[PDB]
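Protein chains in written order, with the UniProt record's numbering: chain A, 981 to 1029; chain B, 393 to 441.
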């Protein structure tokens, strides 16, 4: 944003947005899988109690 | 919905400044098009007139 004008800056900002959005989506998907695993473990622990 | 026709006479080699996202003297201080400009730029030599 300091080096480039808006029309030139936008194409770089779009690449960064796509990369960071993909990283965040990957993180959220991994957290969903881990949450399912932990939910299974917690149900097992509740049954054991 | 509507069409706006902007008419002016410009010097030759600076005619390229009339386009989206351009920088240059006419584009800076005389006639700035928006970066998302939708339309057509039409020009012709007018040394005869």
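We put the beta carbon where it would ideally sit given N, CA and C, even for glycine.
Straight-line gap, residue 1024(A) to residue 1015(A) (C-alpha atoms, nearest Å) = 14 Å
Can you give me, in chain order, the residues of the segment 402-432 of chain B that have a beta carbon less than 8 Å from any beta carbon in chain A?
-> 412, 413, 415, 427
Answer with buried or exposed for residue 993(A), where buried requires no fewer than 16 other C-beta atoms within 10 angstroms of its C-beta.
-> exposed
Pull out every residue of the segment 983-999 of chain A whose Cβ sits closer than 9 Å to any Cβ of chain B, in chain order.
-> Listed in chain order, the positions of the segment 983-999 of chain A with a beta carbon within less than 9 Å of a beta carbon of chain B are 985, 986, 987, 988, 990.
Mark residue 409(B) as exposed unless 16 or more other C-beta atoms lie within 10 angstroms of its C-beta, in which case mark it buried.
-> buried
Nearest-angstrom Cα distance between residue 1006(A) and residue 990(A)?
-> Rounded to the nearest angstrom, the two C-alpha atoms are 24 Å apart.
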